[PDB]
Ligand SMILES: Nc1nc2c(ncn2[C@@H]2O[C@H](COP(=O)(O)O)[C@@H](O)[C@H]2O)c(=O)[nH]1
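Below you'll find only one chain, the form solved without the named molecule, shown as structure tokens.
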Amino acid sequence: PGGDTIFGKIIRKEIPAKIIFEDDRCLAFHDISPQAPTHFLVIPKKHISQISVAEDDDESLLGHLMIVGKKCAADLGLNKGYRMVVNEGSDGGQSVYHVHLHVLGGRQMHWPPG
């Protein structure tokens, strides 16, 4: 349950993380390697390894990650905006094979997005 990645360990509370929000199906916490003054992740508790293998039934859950992300961003005072990112695979630069939504703010985000 939670999967065999470091994010699984975080979900199971086996290793520490700075948790922002939790409910019965997702978890939001600050990234250990922040790329902006505010940088956190929203992850599902269901182990979906990558967005490319998500099913149609996961539709509401994925949207839930975004809504939680939006709400956490507001709570963290990101009133000038932010960027949401999902990485897939090698080219996408996905670092952990557990689906995660990046939320970055507190500075001007630039273009291209990597």
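Just count from 1 along the sequence shown to find any residue number.
One more form of this protein, solved in complex with the named molecule, exists but is not displayed; see below.
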| query | finding |
| --- | --- |
| Interface membership of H30, the named molecule in the deposited bound form, 4.5 Å heavy atom rule | yes |
| Partner proximity in the deposited bound form: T38 to the named molecule, non-hydrogen atom cutoff 4.5 Å | no |
| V96, heavy atom within 4.5 angstroms of the named molecule in the deposited bound form | yes |
| 4.5 angstroms heavy atom contact with the named molecule in the deposited bound form for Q50 | no |
| Sequence-ordered residues of 6 to 22 touching the named molecule in the deposited bound form, heavy atom within 4.5 Å | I6, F7, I10 |
